[PDB]
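Trainee: Questions regarding the structure given below will be posed in turn.
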Amino acid sequence: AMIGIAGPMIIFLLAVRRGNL
Amino acid sequence: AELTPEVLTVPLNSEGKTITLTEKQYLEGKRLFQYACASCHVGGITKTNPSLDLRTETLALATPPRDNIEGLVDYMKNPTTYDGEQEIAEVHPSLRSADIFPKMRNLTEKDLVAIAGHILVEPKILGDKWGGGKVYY
Amino acid sequence: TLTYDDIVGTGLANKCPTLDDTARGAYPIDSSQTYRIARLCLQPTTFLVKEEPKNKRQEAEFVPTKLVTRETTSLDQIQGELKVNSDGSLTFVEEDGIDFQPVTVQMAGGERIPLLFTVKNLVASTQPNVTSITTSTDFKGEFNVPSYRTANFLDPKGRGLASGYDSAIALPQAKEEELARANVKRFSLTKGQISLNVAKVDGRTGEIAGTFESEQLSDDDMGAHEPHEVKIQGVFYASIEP
Amino acid sequence: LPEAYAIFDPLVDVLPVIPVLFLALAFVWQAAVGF
Amino acid sequence: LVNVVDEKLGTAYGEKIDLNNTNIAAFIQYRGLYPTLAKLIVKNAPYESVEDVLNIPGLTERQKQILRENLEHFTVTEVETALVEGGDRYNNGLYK
Amino acid sequence: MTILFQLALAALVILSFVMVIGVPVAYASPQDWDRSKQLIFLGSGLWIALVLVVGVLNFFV
Amino acid sequence: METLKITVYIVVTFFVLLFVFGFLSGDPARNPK
Amino acid sequence: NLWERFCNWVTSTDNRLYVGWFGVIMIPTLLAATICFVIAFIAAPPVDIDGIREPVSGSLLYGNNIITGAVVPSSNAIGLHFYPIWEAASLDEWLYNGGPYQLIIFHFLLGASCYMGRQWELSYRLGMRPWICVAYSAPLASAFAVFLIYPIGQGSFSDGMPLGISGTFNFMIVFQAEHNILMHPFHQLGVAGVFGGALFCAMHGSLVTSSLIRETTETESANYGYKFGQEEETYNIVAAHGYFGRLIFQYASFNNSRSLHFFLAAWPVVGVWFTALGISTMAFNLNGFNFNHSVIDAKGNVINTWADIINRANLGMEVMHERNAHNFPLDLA
Amino acid sequence: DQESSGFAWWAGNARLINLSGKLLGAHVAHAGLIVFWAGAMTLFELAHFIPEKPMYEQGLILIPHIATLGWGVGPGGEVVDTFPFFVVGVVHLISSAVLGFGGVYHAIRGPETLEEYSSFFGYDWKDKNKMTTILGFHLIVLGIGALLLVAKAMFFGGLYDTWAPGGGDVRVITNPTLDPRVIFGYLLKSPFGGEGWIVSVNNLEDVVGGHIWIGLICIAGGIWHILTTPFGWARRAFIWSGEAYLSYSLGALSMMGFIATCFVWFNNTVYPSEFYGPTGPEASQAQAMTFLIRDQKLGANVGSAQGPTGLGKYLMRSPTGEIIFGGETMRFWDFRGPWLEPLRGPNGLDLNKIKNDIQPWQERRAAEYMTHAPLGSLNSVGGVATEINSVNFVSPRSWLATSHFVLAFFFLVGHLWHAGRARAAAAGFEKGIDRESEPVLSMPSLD
Ligand code: CLA
Ligand code: CLA
Ligand code: CLA
Ligand code: CLA
Ligand code: CLA
Ligand SMILES: CC(C)=CCC/C(C)=C/CC/C(C)=C/CC/C(C)=C/CC/C(C)=C/CC/C(C)=C/CC/C(C)=C/CC/C(C)=C/CC/C(C)=C/CC1=CC(=O)C(C)=C(C)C1=O
Ligand SMILES: CC1=C(/C=C/C(C)=C/C=C/C(C)=C/C=C/C=C(C)/C=C/C=C(C)/C=C/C2=C(C)CCCC2(C)C)C(C)(C)CCC1
Ligand SMILES: CC1=C(/C=C/C(C)=C/C=C/C(C)=C/C=C/C=C(C)/C=C/C=C(C)/C=C/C2=C(C)CCCC2(C)C)C(C)(C)CCC1
Ligand SMILES: CC1=C(/C=C/C(C)=C/C=C/C(C)=C/C=C/C=C(C)/C=C/C=C(C)/C=C/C2=C(C)CCCC2(C)C)C(C)(C)CCC1
Ligand SMILES: [Cl-]
Ligand SMILES: [Cl-]
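Chains A, B, C, D, E, F, G, H and I, in that order, are what the protein sequence lines are.
Heads up: the first sequence begins at 26 in the UniProt record's numbering, then just goes up one per residue.
Heads up: the second sequence begins at 27 in the UniProt record's numbering, then just goes up one per residue.
Heads up: the third sequence begins at 30 in the UniProt record's numbering, then just goes up one per residue.
Heads up: the fourth sequence begins at 11 in the UniProt record's numbering, then just goes up one per residue.
Heads up: the fifth sequence begins at 39 in the UniProt record's numbering, then just goes up one per residue.
Heads up: the sixth sequence begins at 1 in the UniProt record's numbering, then just goes up one per residue.
Heads up: the seventh sequence begins at 1 in the UniProt record's numbering, then just goes up one per residue.
Heads up: the eighth sequence begins at 12 in the UniProt record's numbering, then just goes up one per residue.
Heads up: the ninth sequence begins at 15 in the UniProt record's numbering, then just goes up one per residue.
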């Protein structure tokens, strides 16, 4: 489960910080 | 219909003594039988020699009698032909030939009682389907 | 010394072993020893089938036929006992080996004659008083021809002898008096005549070789029709061993 | 697995599926950017 | 035009083990007969009578009485080609 | 040495999980390079050192 | 038989050579624009 | 140059039929397979497909009608071996063993593979986009599956699909007995592909015919309202979408013609691709789901489902296919 | 965004075609996934491996590859120590992290284009010199990798050899076959039955030898492509673009995938049956052997036993005369395996050797392979479709054969897709037909 969320976590953090999505 | 104590009661030796297996015990023999035996013995037939099946009736006319726990354990330790004349561990998995049949290495004395128990119990549940082949599928 | 990988796919699997021209010797028969044949090979080269003439009452002839089942014809690895009889003659009594092949030839017109070329249960004997096997030694005898098919064979409608239907089930209400020949199946068993004629002898190794001619009946479709008379000619190679 | 690594044998059951998730993440990402 | 195999079911062949025509697998139905004695009984066929089965060479005194306790389950009919040809006495094509 | 094998191994998984999340979040982040850049460099260095330590000590457990 | 085998081998070679040499004789240039 | 004139005609766009370099293989191979098929369908003698010297008649002149006739596959004795005419001692032996089958299927597979390439080729010469040949790959793959791929995995061209109506059904039935292809999700996707394609074909045709714009009277065909090469569209996509979006709900409809036509291509092609792949992977005996005796009661009695009824039928095909060919109790060939 | 490049989100990787830095990134990132799966899958297989069971009763496809290379196994294929499997997985897994780190860096952090960063790594697709040069480097890498197999076989423990005398074992390969008449004779055999094309390679000498040869062929061609530019006939016969080269490799990867399918289905040399389970032909031949041994023991004369059809029940001839196993297995008579070749004489199966020389280990092997035939259901029920549940088994051979035919077929579709598009992009109508210059409207009418 922890390995599963590591994926979407990157997309969440990169959307909270206004990243280069 | 349940897997009752009555169903799980099979002959022990050839002198009428019996043994009552638990549901857990029966489930062990079924798993061990699929691990070691089912490749040749699925459903109680014998793929590599259909003339000799695992039916209780056939095991009774075998020499030595194999229709109780003792002889099936003995058979899994030192198997013989249907008349008990030749020892056949060289071509049939057994504890004696566990060097050339590896799936028999890790089998305890308890594991042989379960497998034998499953061979005697299953025809009681499934009747003619045990050993009948694809007519009864 | 050829290997399987040298031979596979060439046809030589169907040839009998030959002896070179330098082998017109004589192999002696000691009446005080018991001999056998440890390998008997028969390679057919010509299948002749007797035509069925109209009503000329005349010479039925053996026409030539085209083989259609490829290089599958030869008998080999045949063994048996070779008896020294009282009057000096020898007798080969066939025992085991690849002693049969189903052959199918095609006549002019298209008709396919199936047959079971065989020497099953051959008993072949020589002329009296043969002190040695020479290049004029003849072996003659009879053999049994079993049915082309065995008991379990099922015709295309599902009929057979030890298995199958026993009627024309696609015609539930036809009168089956006319189809009794096709509904009841029979297992045939005829007799063959063969002559093995030695032409080369290696008196040192004990190998013999020559030509044979056998006469036997073809297939009868488990009794549905009349067999043809077949004649088979070829070469053989045997080996005597004490 | 050698017993000194037996502690991870639950983690091993999951590892081969990790490449598939990489396929799925590209959709999470394109979903997050509105395609 | 008769079916030889069907007609043979009309004789004792249909009730007992015919020592000249029955497949060797039927000797599994009785104790101590398969596969050692069964091989000998099929290899030494035919027999003019059921009692002639005890005169096979090389039988131990044990094996002789094993056949005697089973003479009652034996019979003898005429040799039939469609049941002994094709090697069918060792494998008639019927498994399970 | 076994204690060291267990903690170097336990550090490699943790560092790997951090690097797996951190490295892409930092690469796609804005100015967050003045930080991350040097921290990724030796995060890469210590990761390599940790792999080697675990591999060496593995033959002493 | 062997005469047929040689006859078909020649036929097959002929057409196969038409194919390779035809598709090497400047195919991309054969288009409308 | 003379070779350039030849190449200019091979590749011409002014030919009634396009030839092209793919066509330089296609035309002779198809002509060979077609001529030999016609002759063998009418005239071939019986063929010993199961290699047990029990020949199977398949031609008209030997007692077959259009429904029962086939070019019979080559012998099981041959297996996967190559068997042209010259490998046979005589035409008679070649016919007996199934020669015309190999001749036909190998020439045909070569010819149809080049048909596909011909489709790319003329499309390139015409200024077209190139993917029509990708769609035709779905039936071509299917043909490859049943004539070539399935024989490879099983080990004999004798298990190839007969070239005949009844022979085809004999193929489907024996296949289901051996592989349980109804319970295989790749054939199910094929069903979903051809049923769905039939449905969508029906749908698109009714929806466009429904939206045709009035251009004719009643005493003539609506078709004469379209003239070959008009620039105006002949139906009203907006009305058709207005209709069909109300039939279900608007977002379940297509308002983009290109998006709708792409869907028309993709649904049957993909599904047929998978069903080609299902034949091609059952060739290696990766079979459909097996649920036999899957449901059991507390005592251990089998509680049949419909899968166990499918098995009883599979069994009955099994013990009757090739009724004389088996000498041993497992069906491994 | 799609307005910038033309391609939509579902075709988004086509935006990478002329961005060499990001394209390098995805490629290096993808290679990490492969290496990741290889290591991860291995450890999974090892965590589930049981030494007392054969490998093929356990759903293993990687450990069999490692054991064929000679690591981990002893005589007859028995697993003696599992640590070499462990290493192969860990190292691949650890390496994938490296490949991942660089791949992601080049993808979202590095420079998008390389052409302004360095003149050596940068490339223009239409530049025929730079492309052949990159091709040359990679050809050199391929040659080295093929020689690493040689080196493992000749200098570093050898290879597992199912044909080794006394029963298969690890064996060092001292005399690779270099005779071009053998090595390239394989490349010229027929694909059809009894021949086999390259799939018929049945000895490690021929395997090791062929790799020495392509190992050398590759490095030479690599040097040749680094030093030359494409000739004029090649220039006008090809399409020079990124998609075009991608299509050329899809066709190749497709051809290779089909070939891989046939290899693991028919070949039991570089796919030892000890590890992969018997082949299809093998298990059927093993069935016929098992019943021959059983019936003969009962007293049957297996040479003269006639079967229902009239053919021999145990033994018949092939179309070229060879004594073969009878029954429906007649189709499988091209099978060759170490458990059966002792009974093979020059004319085929030797009736005398059948009668007197069958050894217990052969009867055991035939029975084992008969009851492990590569036949099973999608949910891994073992047997024909009509089999009742009991045996959990599908042969690795089935699993490997079926998957790679799927991958091969779809990559052939991939080739047709990108090939035609490459051709249309280069000619300038991959987006549709210009209304004001429709080609057909200027050709004459067919009639
Ligand atoms: C080596 C392989 C390879 C490579 C490098 C490329 C590269 C490319 N292809 Mg090509 N292609 C390939 C193989 C390859 N292709 C194959 C094998 C096929 C046939 C199937 C195609 C068919 C194809 C088409 C039809 C198109 C491309 C296009 C493209 C471009 C855009 C791709 C994209 O954005 O995908 C984005 C990826 C996706 C949207 C996800 C796809 C997921 C698939 C459909 C399902 C996978 C399921 C999995 C197996 C199991 C289920 C998992 C699930 C349960 C989680 C790009 C240049 C496009 C093009 O021409 O651009 C100009 C285009 O339209 N390719
Ligand atoms: C194997 C799969 C694969 C790979 C390697 C790539 C790679 C790439 N794609 Mg493609 N793509 C793929 C599948 C893939 N794609 C599929 C399946 C689809 C369909 C959904 C698309 C659709 C698509 C589109 C629509 C676009 C791309 C673009 C790109 C490029 C830029 C992506 C970007 O801006 O990310 C930004 C995203 C992030 C910064 C979020 C984080 C992403 C990273 C990679 C997570 C890594 C996690 C990992 C565990 C970390 C490891 C750490 C290490 C220490 C081990 C990049 C080279 C873009 C392009 O071409 O731009 C010019 C573009 O427009 N792709
Ligand atoms: C070529 C690849 C390949 C092969 C031959 C195998 C084979 C095997 N694997 Mg493995 N595996 C693979 C890839 C492969 N695997 C991959 C990529 C992963 C990562 C997810 C795994 C993860 C994995 C695990 C975790 C396990 C196995 C196991 C197994 C065994 C059981 C398989 C099974 O029951 O599948 C079930 C069958 C399916 C799920 C059917 C899938 C059908 C696919 C989706 C069709 C796709 C078609 C096409 C590509 C789609 C695109 C179409 C579009 C373009 C139009 C078997 C020995 C098991 C085992 O026994 O281990 C000991 C086990 O536990 N595998
Ligand atoms: C195919 C792989 C590949 C390619 C073509 C490139 C290409 C490039 N990288 Mg990248 N890179 C890669 C992989 C790759 N990288 C990987 C795997 C990583 C993670 C470790 C990185 C990490 C990385 C960084 C951190 C940077 C680059 C940068 C660069 C550029 C400068 C490289 C240079 O001058 O090297 C000169 C040559 C050397 C330093 C010697 C290399 C010796 C090698 C590694 C020996 C081993 C060879 C052997 C065959 C490898 C086997 C691998 C295995 C999987 C089979 C260049 C465009 C730089 C850049 O663009 O900055 C703006 C930069 O900063 N790369
Ligand atoms: C990955 C491998 C690879 C690749 C992609 C290339 C790519 C290229 N090479 Mg190079 N080359 C390679 C390896 C490779 N080469 C190696 C290893 C060598 C050393 C032996 C060479 C030796 C070489 C030479 C000598 C030449 C090239 C040239 C070329 C170019 C034209 C190729 C061509 O027309 O092929 C198309 C192939 C043909 C036209 C051959 C005719 C048709 C054959 C017979 C088809 C047979 C296929 C059939 C299915 C059978 C396959 C199985 C088996 C029986 C063979 C091209 C850029 C040419 C160039 O311009 O160089 C500057 C050139 O003259 N290469
Ligand atoms: C007795 C009492 C109580 C009476 C009271 C009744 C009452 C008032 C009820 C009100 C409340 C209420 C409505 C309750 C309903 C409950 C309910 C949900 C019932 C429904 C049950 C049910 C089974 C519904 C099924 C719904 C259904 C069929 C969904 C279909 C999904 C599906 C397959 C969609 C596919 C559509 C699709 C892919 C279309 C594209 C394919 C195609 C070729 C299109 C062709 C095409 C498309 C175009 O687009 C245009 C342009 C053109 C050219 C064209 O070719
Ligand atoms: C080796 C290892 C490691 C690593 C790991 C990794 C690398 C991971 C990754 C992971 C990942 C990479 C993950 C991912 C995930 C993802 C997901 C989970 C997703 C999902 C998705 C979905 C669900 C989707 C949905 C949707 C959308 C969104 C859109 C469309 C619609 C739909 C609905 C489809 C570590 C460090 C731990 C350590 C140990 C070992
Ligand atoms: C570009 C891009 C992409 C892609 C990406 C990728 C593909 C990446 C990769 C990545 C990778 C490829 C990664 C990898 C990683 C790995 C890791 C992280 C590992 C680690 C490991 C370890 C740490 C180990 C450990 C151990 C040991 C040592 C021993 C045994 C046990 C254990 C396991 C514990 C996507 C699609 C998303 C989209 C966006 C863009
Ligand atoms: C390792 C090994 C080996 C060997 C191998 C080898 C030696 C190989 C070689 C190979 C080769 C040597 C290959 C080649 C191939 C080729 C190809 C594949 C081709 C292609 C072609 C193409 C593709 C072309 C096309 C075209 C045409 C047709 C016309 C014009 C246009 C174009 C150009 C497009 C052996 C078996 C011994 C054993 C095992 C191991
Ligand atoms: Cl049938
Ligand atoms: Cl059979």
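Don't be surprised by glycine CBs; every beta carbon is placed ideally from N, CA and C.
Just list the residues that DSSP pairs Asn335/H with in beta bridges.
Mentor: None; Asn335/H has no bridge partner.
Trainee: Taking the straight line between their C-alpha atoms, what separation do you get for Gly20/I and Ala441/I?
Mentor: Approximately 18 Å between the Cα atoms of the pair.
Trainee: Using 8 Å as the Cβ pair cut-off and three pairs as the minimum, do the region 305-321 of chain H and the region 257-270 of chain C touch?
Mentor: Segments in contact, no.
Trainee: I'd like the list of long-range same chain contacts for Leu133/H, defined as Cβ closer than 7 Å, with 5 residues on each side in sequence excluded.
Mentor: The residues are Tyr29 and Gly31.
Trainee: In whole angstroms, what separates the C-alpha of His152/I from that of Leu46/A?
Mentor: Looking at the two C-alpha atoms, the distance is approximately 33 Å.
Trainee: Taking Cβ-Cβ distances shorter than 9 Å, what residues in chain B pair up with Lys102/E?
Mentor: Ordered by position in chain B, no residue passes the 9 Å Cβ test against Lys102/E, which lies about 14 Å from the chain.
Trainee: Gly138/C and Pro56/H - do their beta-carbons sit closer together than 9 Å?
Mentor: No, the pair does not count as a contact, with Cβ atoms beyond the cut-off.
Trainee: For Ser132/I, is the beta carbon positioned less than 8 Å from some heavy atom of ligand 4?
Mentor: Result yes, Cβ under 8 Å from ligand 4.
Trainee: Three-state secondary structure (DSSP) at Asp250/C?
Mentor: Reduced to three states, the DSSP call for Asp250/C is helix.
Trainee: Quickly, what does DSSP pair residue 465/I with across the bridge? List them, please.
Mentor: This structure cannot settle anything about residue 465/I, because the visible part of chain I is limited to 15 through 461.
Trainee: What first and last residue would you give for the beta strand (DSSP E) that runs through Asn181/H?
Mentor: Not the beta strand (DSSP E): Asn181/H falls in the alpha helix (DSSP H), residues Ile176 to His190.
Trainee: Is there a Cβ from chain I that is less than 9 Å from the Cβ of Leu218/C?
Mentor: Judged by the 9 Å Cβ criterion, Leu218/C is not in contact with chain I.
Trainee: Hey, would you say the C-beta of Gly35/I is under 8 Å away from at least one heavy atom of ligand 4?
Mentor: Because some heavy atom of ligand 4 lies under 8 Å away, the Cβ of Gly35/I counts as near it: yes.
Trainee: Check whether chain C comes within 9 Å of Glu342/I, counting only Cβ atoms and requiring the distance to be less than that.
Mentor: So, not an interface residue.
Trainee: Counting only Cβ pairs nearer than 8 Å, list the residues of chain E close to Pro175/C.
Mentor: Those within 8 Å of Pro175/C in chain E are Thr119, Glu123 and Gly124.
Trainee: For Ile77/H, which three-state DSSP category applies?
Mentor: Reduced to three states, the DSSP call for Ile77/H is coil.
Trainee: Which same chain residues end up closer than 8 Å to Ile78/H when comparing Cβ atoms and leaving out the 5 residues on each side of it in sequence?
Mentor: Taken in chain order, the residues that qualify are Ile176 and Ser177.
Trainee: Listing by chain order, which chain I residues have their CB less than 7 Å from the CB of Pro131/C?
Mentor: Simply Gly324 and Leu325.
Trainee: Beta carbon of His190/H, beta carbon of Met127/H: below 9 Å?
Mentor: No, these two residues do not count as a Cβ contact at 9 Å.
Trainee: Does the beta carbon of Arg411/I sit closer than 9 Å to a beta carbon anywhere in chain H?
Mentor: It does; some Cβ of chain H falls within 9 Å.
Trainee: Between the region 136-155 of chain H and the region 53-73 of chain H, are three or more C-beta pairs nearer than 8 Å?
Mentor: No: fewer than three Cβ pairs fall under 8 Å.
Trainee: Given 8 Å as the limit, is there contact between the region 375-382 of chain I and the region 195-213 of chain H, that is, 3 or more CB pairs closer than that?
Mentor: Not touching, per the Cβ criterion.
Trainee: Under the DSSP definition of a beta bridge, which residues are partnered with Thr240/C?
Mentor: According to DSSP, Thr240/C bridges with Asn226/C and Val264/C.
Trainee: Within 8 Å, do at least three Cβ pairs link the region 33-43 of chain B to the region 51-61 of chain F?
Mentor: Output reads no: the region 33-43 of chain B does not touch the region 51-61 of chain F.
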